[PDB]
Amino acid sequence: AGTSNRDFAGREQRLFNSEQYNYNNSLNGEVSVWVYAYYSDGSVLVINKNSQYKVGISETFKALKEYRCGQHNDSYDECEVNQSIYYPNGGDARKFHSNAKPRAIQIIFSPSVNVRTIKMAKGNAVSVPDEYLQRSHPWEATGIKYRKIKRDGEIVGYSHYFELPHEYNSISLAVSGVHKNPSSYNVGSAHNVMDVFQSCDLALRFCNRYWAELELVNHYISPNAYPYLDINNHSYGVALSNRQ
Amino acid sequence: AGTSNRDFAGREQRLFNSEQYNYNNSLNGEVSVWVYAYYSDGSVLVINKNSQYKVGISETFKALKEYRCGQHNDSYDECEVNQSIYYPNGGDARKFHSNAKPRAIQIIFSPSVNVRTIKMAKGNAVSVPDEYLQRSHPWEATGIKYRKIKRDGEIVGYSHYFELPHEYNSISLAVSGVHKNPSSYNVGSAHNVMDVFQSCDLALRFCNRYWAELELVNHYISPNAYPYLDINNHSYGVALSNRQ
Amino acid sequence: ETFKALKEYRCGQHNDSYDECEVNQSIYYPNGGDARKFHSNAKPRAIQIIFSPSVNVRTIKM
Amino acid sequence: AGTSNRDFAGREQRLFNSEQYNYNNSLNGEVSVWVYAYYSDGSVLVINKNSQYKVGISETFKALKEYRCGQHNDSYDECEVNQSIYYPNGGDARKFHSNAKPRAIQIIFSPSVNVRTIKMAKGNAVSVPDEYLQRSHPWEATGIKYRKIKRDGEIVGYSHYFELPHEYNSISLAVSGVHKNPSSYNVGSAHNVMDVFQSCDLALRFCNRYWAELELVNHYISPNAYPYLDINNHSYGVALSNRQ
């Protein structure tokens, strides 16, 4: 072991990891996006979508607010909060700032995305991208803002992190990316376009709220070999290309 | 009546049924899918989608669990159950096996589907098709497993039935099929591709939980002329081709 | 033990008590109750009887 | 059929019924007792015990009171009612007469009992048979009071019915009977006494509250071929001896 070109266990371990890296990056592989919403109580909502060809997530203002399963949520008062966020002084709420509003958002894409295809529609609380519909471009191409999440020299994911620290940061949010395709084969050409339509039906979604970033790292990111960047700027993920 | 080629009531009845069979199978017709989830209390959740060109359903682990409208659901404890299914020992639940988990799934397609186009993504409970995203093909083509539901010699639908009898059968699920098209006209060619995009918006969904398979047969399958295969292997549906 | 005494009872948690009483009525006589469920998950799925090694096995009666 | 000694279906039907009658009456058969408690709301509590050799039922004052499963029972006030029945002015109840007290009791034995063995301890509400323990015989032999419940000329059971129409009829109740044994073989002789001890462990009990006497007749008495005498003096049961 570990002394020649006849260490087949070694060579096969390296190929097994390389094949995983490369399959994900192939047109047969997944592209994945995650939206993390950070609340002031330290809990974090994750929404994930996994699909072939292209993938995205779209949420309303109300859907991004903290919801604690099986516990009190101040439901009636929070409905009035929403009315007062859709139009100033439009509601009868009993609070100035709802602690259910996200304080920050992180968007992470798998390393199989093409970063130049990333698009985001960060709307206002009534779901208008840019003040009034009449003047809205329906998305912004934000890939230049994405940081590489790296482990051991390898890009394991891409991150865009933004705070919503102001009372006026009340948002709706959609994001989208396309799987890398360095070929000249268009996956939406007529030969394959129905498979892309089927990919819309086949995409798998996951959502959950973790009590703490610790629990997210420990029980969501790490066990599934997902990439992550924490509030301390620490990168998580698994390097696979030409690696044992 | 019933003695010559001049029984016009007879001829028109036969044409009325044949026209229904054939319209469904035309490119102007519907293609439909149903997912049945069977619970240990004998109740059955149905999700149906009806659309032109192609159709599918995609559900999370949590969305497939039993929910009894207007009755207690052990909501807090069931949220902890989910945490303990996403990661072993990840939750603080007060039970070993949730009776809200489906014990079996049946997928049924209308007879207008092309069986060779059927695709299924049966994920794990965090919505990954095959253990880790890096090694996942995003679907399996399962049409070879579909049985013909037959009535009076006619295929009235297609069924795939699988049990989840083990403690480890904790799934997310998507399925997709394409309407038959024996022509060489591609419904997603440039001439018609925007109508396929509109079909995504126009698809109609239905979901409901029936207390018993009897109630499903009696009040959902039968009144709507839908195909079904029961736990006793009995076929239901209505034969229409060249039939009075 | 009675039929009812062998059913699952979770101390200090909800037990669907009214509906489970109707389940019993529908098990004592077919269609005798007004229950909101086909199969009660409170029914035992299996039973194991164990005796100490001091029993005489030929005396066992059920 | 119906014209000779070679109607074997006829002869076997008659033997099948006769064998049932006689097996019950054998030392290998059951002896059974039922206590019915009648409440002013028309509901009826039944307690049944079925055993070999001998059988009985013993209940406290409190255990005979009406209890409505899954509905309000005035529980705190009813506990105070009990305190005021155990000792005059001993409780702080908010009512003069609890409608949960039985208005009448009927005791029924199977026809396999020996009526001369019947014993009853009808105690006061603190479970003393006859005013003070020091002067109490622990039972009364009441068989002379039992009426034959008859169908088609056959005794199908034995009934003792008594009203508790007064404010002072607040009782505890036990009853016991021994299976008939016209032989000189004592079932409690040393050869078989351990089987009688085992019969104490093996006796099966049933209790339930029926909303109405109609429901008792229809869904408890009749389906099980049990004897009954209704408030109108009507007999129910099934005659089997030498009968088709």
Side-chain angles (χ1 to χ4, degrees), chain A residues 31-51 54-67 78-79 81-88 90-91 97-111 113-149 157-179 200 203 205-210 213 216 226-231 233, chain B residues 201:
Chain A
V31 55
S32 294
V33 65
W34 293 260
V35 169
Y36 300 93
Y38 299 90
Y39 306 108
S40 58
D41 72 0
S43 67
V44 186
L45 165 65
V46 59
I47 312 169
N48 168 223
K49 193 156 309 157
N50 305 310
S51 206
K54 62 96 194 190
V55 72
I57 287 168
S58 176
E59 302 294 337
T60 64
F61 167 74
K62 190 179 178 341
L64 295 161
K65 295 173 68 191
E66 198 178 353
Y67 180 73
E78 287 293 327
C79 284
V81 159
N82 300 342
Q83 312 314 118
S84 249
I85 299 299
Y86 302 151
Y87 183 79
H97 175 75
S98 167
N99 289 312
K101 298 175 82 198
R103 303 294 293 170
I105 295 290
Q106 185 174 189
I107 302 163
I108 300 188
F109 281 87
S110 69
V113 79
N114 179 315
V115 173
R116 298 197 307 124
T117 70
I118 291 166
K119 295 173 178 60
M120 180 171 77
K122 178 164 50 62
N124 70 9
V126 292
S127 305
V128 171
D130 189 13
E131 313 175 341
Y132 293 91
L133 293 167
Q134 293 90 328
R135 68 175 81 155
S136 294
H137 193 223
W139 46 268
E140 296 297 326
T142 46
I144 193 164
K145 297 180 171 182
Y146 283 68
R147 298 178 63 214
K148 300 154 189 194
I149 302 172
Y158 298 101
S159 167
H160 187 194
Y161 183 87
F162 54 91
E163 299 166 75
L164 305 169
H166 304 306
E167 201 58 55
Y168 53 87
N169 297 143
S170 305
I171 66 171
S172 55
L173 182 67
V175 74
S176 179
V178 177
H179 191 290
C200 294
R205 180 180 177 287
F206 172 81
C207 66
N208 196 39
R209 183 186 70 92
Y210 292 89
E213 192 179 50
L216 181 82
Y226 296 165
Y228 190 64
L229 182 67
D230 74 14
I231 300 313
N233 198 48
Chain B
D201 299 327

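All values below were derived from every heavy atom in this structure, side-chain atoms included, with hydrogens, water molecules and symmetry-related copies excluded. Letters A, B, ... are given to chains in the order of the sequence lines, protein chains preceding strands, and every chain is numbered from 1.
- Residues A:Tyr161 and A:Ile231 are in side-chain contact: their nearest non-hydrogen atoms beyond the backbone lie under 4.5 Å apart.
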Does the side-chain contact (heavy atoms from CB on, under 4.5 Å) test come out yes or no for A:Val126 and A:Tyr87, once each step is laid out? CA-CA 9 Å; A:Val126 292; A:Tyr87 183 79; over 6 Å; no

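- Side-chain contact check for A:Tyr39 versus A:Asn99: every heavy-atom pair is 4.5 Å or farther apart.
- Ring-plane geometry between A:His166 and A:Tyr168 is classed as parallel, the angle between the planes falling under 30 degrees on a 0 to 90 degree scale with a further cut at 60.
- Other residues, nucleotides and ligands place more than 12 heavy atoms under 6.0 Å from the NZ atom of A:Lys119.
- With hydrogens and angles ignored, the 3.5 Å screen pairs a side-chain donor or acceptor of A:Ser172 with a backbone N or O of A:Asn124.
- Closest of all the heavy-atom pairs between A:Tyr38 and A:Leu229 is OH-O, 4.5 Å.
- Here the side chains of A:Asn82 and A:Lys65 are in contact, with some heavy-atom distance below 4.5 Å.
- Taking each heavy atom of A:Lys54 and A:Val31 in turn, the nearest pair found is N-CG1, 3.8 Å.
- Taking every heavy atom of both residues into account, A:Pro227 and A:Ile149 meet most closely at CB-CD1, 4.1 Å.
- The CZ atom of A:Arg147 lies 13.5 Å from the OH atom of A:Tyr158; values are rounded to the nearest 0.5 Å.
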Trace of the side-chain contact (heavy atoms from CB on, under 4.5 Å) decision for A:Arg103 with A:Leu164: CA-CA 5 Å; A:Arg103 303 294 293 170; A:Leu164 305 169; 5.8 Å; no

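- Taking OG from A:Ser110 and NE2 from A:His179, the interatomic distance works out to 7.0 Å, rounded to the nearest 0.5 Å.
- If you take CD on A:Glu140 and CG on A:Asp130, they are separated by 7.0 Å, rounding to the nearest 0.5 Å.
- Summarising the geometry of A:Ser170 relative to A:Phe61, their closest heavy-atom pair is CB-CE1, 4.0 Å, with the distance given to 0.1 Å.
- With values rounded to the nearest 0.5 angstrom, A:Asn48 atom CG is found 7.0 Å from A:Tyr36 atom OH.
- With 3.5 Å as the limit, one finds a donor-acceptor pair spanning the side chains of A:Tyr228 and A:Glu213.
- Within the 4.5 Å cutoff, no side-chain heavy atoms of A:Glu78 are placed close to those of A:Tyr67.
- Under the 4.0 Å criterion applied to side-chain N and carboxylate O atoms, A:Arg205 and A:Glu59 are assigned as salt-bridge partners.
- Contact check for A:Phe206 versus A:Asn50: no side-chain heavy atoms found under the 4.5 Å cut-off.
- Here the side chain of A:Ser58 pairs no donor or acceptor atom with the backbone of A:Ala174 at under 3.5 angstrom.
- In this structure the side chain of A:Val128 reaches within 4.5 angstrom of the side chain of A:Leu133, judged on heavy atoms.
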For the pair A:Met120 and A:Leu173, evaluate side-chain contact (heavy atoms from CB on, under 4.5 Å) and give the outcome as yes or no after the intermediate values. CA-CA 7 Å; A:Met120 180 171 77; A:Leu173 182 67; 3.8 Å; yes

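- In terms of modelled atom types and a separation under 3.5 Å, the side chain of A:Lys49 and the main chain of A:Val33 share no donor-acceptor contact.
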Apply side-chain contact (heavy atoms from CB on, under 4.5 Å) to residues A:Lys122 and A:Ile107 and explain how you reach the verdict. CA-CA 12 Å; A:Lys122 178 164 50 62; A:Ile107 302 163; over 6 Å; no

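- In this view, A:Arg209 and A:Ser43, A:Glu66 satisfy the side-chain hydrogen bond (donor to acceptor under 3.5 Å, both in side chains) rule, not counting sequence neighbours.
- One distance of note links CH2 of A:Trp34 with CD1 of A:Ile47; it measures 13.5 Å at 0.5 Å rounding.
- Of the possible donor and acceptor atoms, none in the side chain of A:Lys62 sits under 3.5 Å from a partner among the backbone N and O of A:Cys79.
- One distance of note links CG of A:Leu216 with CG of A:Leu45; it measures 10.0 Å at 0.5 Å rounding.
- Closest of all the heavy-atom pairs between A:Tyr146 and A:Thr142 is CD1-O, 3.3 Å.
- Shown here for A:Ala121 and A:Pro138, the closest heavy-atom pair between the two residues is CB-O, 3.4 Å.
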